[PDB]
Each structure stands twice: as structure tokens, then as C-alpha cells.
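Only one structure is covered here, and it is reproduced in the block below.
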Amino acid sequence: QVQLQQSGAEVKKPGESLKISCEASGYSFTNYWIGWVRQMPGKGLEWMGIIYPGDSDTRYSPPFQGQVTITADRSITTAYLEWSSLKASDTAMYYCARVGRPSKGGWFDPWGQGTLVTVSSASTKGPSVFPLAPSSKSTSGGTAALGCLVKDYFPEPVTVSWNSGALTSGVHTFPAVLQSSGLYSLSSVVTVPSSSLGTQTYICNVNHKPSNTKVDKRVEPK
Amino acid sequence: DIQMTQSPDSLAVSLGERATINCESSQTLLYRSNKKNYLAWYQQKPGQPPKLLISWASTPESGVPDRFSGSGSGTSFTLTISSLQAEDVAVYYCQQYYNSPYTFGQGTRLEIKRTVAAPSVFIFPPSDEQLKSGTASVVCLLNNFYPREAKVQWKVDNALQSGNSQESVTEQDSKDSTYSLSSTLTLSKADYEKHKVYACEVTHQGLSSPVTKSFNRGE
Amino acid sequence: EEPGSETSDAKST
Ligand SMILES: [Cl-]
Numbered sequence: 286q287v288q289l290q291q292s293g294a295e296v297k298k299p300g301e302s303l304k305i306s307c308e309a310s311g312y313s314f315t316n317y318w319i320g321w322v323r324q325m326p327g328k329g330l331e332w333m334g335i336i337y338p339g340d341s342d343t344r345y346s347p348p349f350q351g352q353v354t355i356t357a358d359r360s361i362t363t364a365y366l367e368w369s370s371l372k373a374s375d376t377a378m379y380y381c382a383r384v385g386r387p388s389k390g391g392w393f394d395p396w397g398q399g400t401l402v403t404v405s406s407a408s409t410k411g412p413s414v415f416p417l418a419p420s421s422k423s424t425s426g427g428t429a430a431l432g433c434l435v436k437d438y439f440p441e442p443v444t445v446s447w448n449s450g451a452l453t454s455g456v457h458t459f460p461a462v463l464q465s466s467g468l469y470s471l472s473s474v475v476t477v478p479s480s481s482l483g484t485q486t487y488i489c490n491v492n493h494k495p496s497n498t499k500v501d502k503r504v505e506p507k
Numbered sequence: 102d103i104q105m106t107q108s109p110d111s112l113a114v115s116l117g118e119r120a121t122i123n124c125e126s127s128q129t130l131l132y133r134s135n136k137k138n139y140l141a142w143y144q145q146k147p148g149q150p151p152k153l154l155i156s157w158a159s160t161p162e163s164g165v166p167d168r169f170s171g172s173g174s175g176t177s178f179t180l181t182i183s184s185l186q187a188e189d190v191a192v193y194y195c196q197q198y199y200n201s202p203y204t205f206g207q208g209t210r211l212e213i214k215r216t217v218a219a220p221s222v223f224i225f226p227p228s229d230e231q232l233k234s235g236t237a238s239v240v241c242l243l244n245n246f247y248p249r250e251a252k253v254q255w256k257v258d259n260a261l262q263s264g265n266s267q268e269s270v271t272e273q274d275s276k277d278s279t280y281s282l283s284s285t286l287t288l289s290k291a292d293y294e295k296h297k298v299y300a301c302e303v304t305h306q307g308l309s310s311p312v313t314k315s316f317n318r319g320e
Numbered sequence: 008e009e010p011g012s013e014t015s016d017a018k019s020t
């Protein structure tokens with residue numbers, strides 16, 4: 286089977302160099318064009334460029350020609366994508382992909398899993414979990430909204446669950462927003478019955494693996 | 102270079118009905134020697150890589166369902182889902198491979214179309230833990246609504262806020278096909294303690310007039 | 008009017 290194993294997700298700063306890889310296997314590495322595709326957060330696919338490892342001959346598009354360098358190694362069957370100086374605009378998903386047919390240009394098939402490159406001047410920081418408490422003006426025998434505010438952290442991701450994963454119905458963990466400071470902020474909310482607020486206990490379970498942070502914050506009425 | 106322009110940017114089709122995703126290239130993709138249109142379609146489902154759906158304009162891959170089909174020639178092209186299903190929710194991209202660079206289209210986000218649902222609006226003041234640490238975030242939840250388009254405006258003592266409020270929208274829910282939205286108004290503790298009244302005014306198609314949930318500070 | 012994939016980007020086999 287054809288596989289395109291890529292390197293792990295990177296967290297860098299502006300000015301630093303980086304070299305993401307793509308270890309190819311299950312085909313003749315020299316005989317196919319192999320390339321890279323950018324996808325920024327909540328955006329479309331951008332064709333960066335391709336390389337033919339038979340003679341190291343490359344192609345680029347005008348946005349990425351001058352900005353990056355696509356190379357390859359025949360002995361280890363590994364294509365690369367090199368930055369000499371990263372910027373904050375380069376924070377994106379970087380898919381690797383072989384061209385679908387040998388000895389010619391074409392459509393991409395198969396694709397790699399992708400490499401999350403993140404570039405920011407902010408350093409690693411764990412979140413502060415603040416309770417979005419349920420309202421005292423919640424309707425008697427109605428629905429009541431409550432949640433947690435996972436404020437000020439870096440890098441992504443954070444995994445929120447309620448009551449050690451017991452409370453799944455009506456839960457909405459929102460995607461994070463990059464604040465002016467450079468630290469991400471996220472919200473997670475759950476809608477429940479108004480009658481349940483007295484008896485039932487609601488605890489969000491925030492986990493941020495980069496800072497080794499694990500918080501169990503109790504959300505309750507005033 | 103060749104520019105690829107899909108139509109529409111976002112498409113909402115009901116379950117069972119026909120989905121039509123177009124793709125217009127700047128110059129022609131048909132080559133008259135072999136009579137082959139050099140166009141490929143892609144399917145990128147949420148949180149996955151792009152998968153090859155169709156190559157050569159009208160040749161799907163092995164494993165692709167019969168409901169999917171690719172048509173058109175020269176400049177104009179079309180991807181056709183004859184009967185939409187729940188699994189088909191994805192961002193679809195066309196791509197020319199006639200001349201290098203082999204550019205993609207901007208992409209067509211395909212969502213499920215359901216009946217109009219107004220949001221259950223809620224408002225949350227800054228907690229006592231956050232005010233102790235020295236800041237103030239006011240969250241406004243809009244829960245379970247369709248369609249995606251919803252306006253949130255923050256008011257503090259009836260004065261319209263601007264440039265100090267970031268929002269976040271979830272993806273479409275697998276069970277009920279609705280969206281949710283969480284707008285967060287960030288102020289300093291000094292700016293929080295000055296003003297009394299706080300309100301988010303939500304506007305939506307399902308709502309008859311713009312609903313306004315609110316609170317008074319220290320109550 | 009030939010495509011670059013077949014001509015300029017094509018290689019030996
Ligand atoms: Cl592109």
C-alpha cells in the first residue's frame with residue numbers, strides 16, 4: 286500500500302527556520318511528482334508546489350515561489366518543505382501529496398495526514414478555567430444554560446468534557462479564538478433542565494497537554 | 102496562470118434533494134488530441150485530509166457512491182450529488198492540472214438544509230474568580246439555530262460596543278442540524294466596574310424581532 | 008495549445 290507519513294505538529298516563533306518532512310513508501314519515489322498543499326485556519330486548499338525526485342526538478346505557484354524551498358532525498362524516499370524565516374501568516378495545515386500517475390503532472394492521490402505548523406511570539410501557557418454559572422432568572426420547569434470559559438492559553442488544542450464524559454447531550458465546545466495578546470480563548474456550554482440545578486452537579490474537565498494542565502472546575506448556581 | 106472559481110461559496114441542500122456544485126476555469130481544460138478534460142474534484146470532510154473523488158472530469162474513483170457524478174467540458178464543470186445524505190457534509194474543491202501551477206478552487210462548503218430555528222439566547226457575567234485575577238469577559242450564548250447567519254451586538258449602558266468582541270461558531274450538529282454561537286465581550290476590571298447595564302442584542306431570521314438578554318452588575 | 012502536465016512537466020519512463 287501507498288503511504289505518506291509526515292512529521293509531527295510544530296510550534297515555532299517568527300524568525301526561526303523549519304523543515305517539515307514527508308516519508309514516502311509503497312511506490313517508485315523517483316518516477317512520480319510529489320508536492321505540498323497549504324490550508325490556513327478555516328480556509329481553502331492552496332497549491333504550493335511539486336518536485337520530481339528523479340532529477341530534483343521543482344515547480345511552484347507565484348505566492349509561494351521565493352517564500353519556501355521544496356527538496357527531496359532518493360536514498361530515504363523523503364520529500365521536504367523548508368522555511369528559512371517563518372512568519373505568523375505561515376500558521377497553517379501543510380498536507381503532503383503524491384501526483385496520481387507516474388512520469389507526468391496531475392491531480393494529487395494519495396494525500397498525507399498533515400502537519401500543524403503554528404508560528405507565534407507567545408510561549409506555552411496553561412488556561413484559567415472560569416465558571417459561566419447558570420442564571421437565577423432561569424425559567425421554573427424550563428431549560429437552563431451553563432458553561433466554562435477556558436481563558437488565555439497557548440498552543441492549541443484543549444479537550445473539554447463534562448462529568449468525566451458522562452454529560453454529552455446538549456453540550457457545545459466552541460472552537461477557540463486567537464485574542465489580541467496571542468493567547469487562545471475557548472468556551473464550552475451545556476443546556477440542562479432548571480429542575481436539575483439543585484440536585485445535579487456539573488463539572489467541566491479541561492485538559493491542556495502542552496503545559497501539563499488538568500482542571501476540574503465546578504459550575505454551580507449563586 | 103489559470104484561476105478556478107466555484108459557485109456557490111456555501112450551499113445548503115435538504116436531505117434527499119439534488120446538490121449542484123459548479124466550477125468555472127479562466128481558460129479551457131479540454132485538450133483536442135486525446136479529448137480529455139484535465140479537471141479533478143476533491144472531498145474534504147471535517148477534520149480529515151482532502152480525498153480524491155473524481156479525476157478526468159467524468160471518471161470517479163473506486164469506492165465512490167453512484168449518487169456522486171462529474172459533468173461538463175472545456176471551461177464550465179459541475180459536481181452532482183443526486184440525493185444528499187448526512188455523510189456528504191463536506192467542503193468540495195475542484196482543481197485543474199492542465200498547466201503548472203495546478204491551482205484549486207476556493208471551495209464549496211456543503212451543509213444540510215433544515216427548517217428555520219430561532220436561537221435560545223443566554224448571557225453570562227464575569228465570574229468572581231476572573232474579577233479576582235484582574236479581568237472581565239462577558240459571554241453571550243446563542244444555542245441551537247438555523248441558518249448560520251446571525252448578528253450579535255453588545256450594549257453597555259445602552260451604548261453600542263465595537264472592536265472589543267470576538268465570536269465563535271460551531272460546525273453543524275450531526276443529530277439536529279443546527280448551529281450555535283458564543284460571542285465574548287472582553288473589558289478590563291476598571292471598565293467593568295464603571296458601567297452598570299450589560300446586554301447582547303441577537304438578530305435572526307427565525308426571531309420575529311431582535312431579542313435582548315441582559316443583566317445589572319452586582320445583582 | 009498542449010497541457011504542461013503532458014509536455015513541460017512530463018519526464019522519462
Ligand atoms: Cl491554488
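Those protein sequences? They're chains A, B and C, same order as listed. All residue numbers for the first sequence refer to my numbering, where the first residue is 286 and numbers rise by one. All residue numbers for the second sequence refer to my numbering, where the first residue is 102 and numbers rise by one. All residue numbers for the third sequence refer to my numbering, where the first residue is 8 and numbers rise by one. Note that CB positions come from ideal geometry on N, CA and C, so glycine has one too.
Check	Outcome
Inter-residue spacing [alpha-carbon to alpha-carbon] between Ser-405(A) and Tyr-469(A)	11 Å
Rounded Cβ spacing between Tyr-293(B) and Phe-316(B) (contact assumed at less than 8 Å)	Contact doesn't hold; Cβ gap of about 12 Å is too wide.
Burial state of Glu-301(A) (16 or more Cβ within 10 Å)	exposed
Residue ranges of each beta strand (DSSP E) within the stretch 318-388 of chain A, 3 or longer	319-324, 331-337, 342-345, 354-358, 363-368 and 377-384
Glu-13(C) at chain A interface by Cβ criterion, 8 Å	yes
Near ligand 1: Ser-346(A) beta-carbon under 7 Å from a heavy atom	yes
Among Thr-354(A), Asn-316(A) and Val-435(A), nearest to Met-333(A) - alpha-carbon criterion	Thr-354(A)
Identified DSSP bridge partners for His-305(B)	Note: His-305(B) sits in no beta bridge, so no partner.
Cβ-based neighbour list, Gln-273(B), same chain, cut-off 7 Å, excluding 5 preceding and 5 following	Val-190, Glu-212, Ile-213 and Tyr-280
Distance cut-off 7 Å: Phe-205(B) Cβ against heavy atoms of ligand 1	yes
Whole-angstrom distance between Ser-472(A) and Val-312(B), CA atom to CA atom	22 Å
Other residues of its chain near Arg-344(A): CB distance less than 7 Å, five sequence neighbours each side excluded	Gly-334 and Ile-335
Bridge partners - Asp-501(A), DSSP secondary structure assignment	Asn-490(A)
DSSP three-state assignment for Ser-446(A), whether helix, strand or coil	strand
Any non-hydrogen atom of ligand 1 closer than 7 Å to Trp-332(A) Cβ	yes
Proximity to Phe-169(B) [Cα-Cα], best of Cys-301(B), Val-303(B) and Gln-144(B)	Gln-144(B)
Bounding residues of the alpha helix (DSSP H) (the contiguous stretch that carries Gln-107(B))	Here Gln-107(B) belongs to no alpha helix (DSSP H); instead the beta strand (DSSP E) covers 105-108.
Nearest candidate by alpha-carbon position, reference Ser-172(B), set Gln-197(B), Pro-202(B), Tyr-247(B) and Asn-123(B)	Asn-123(B)
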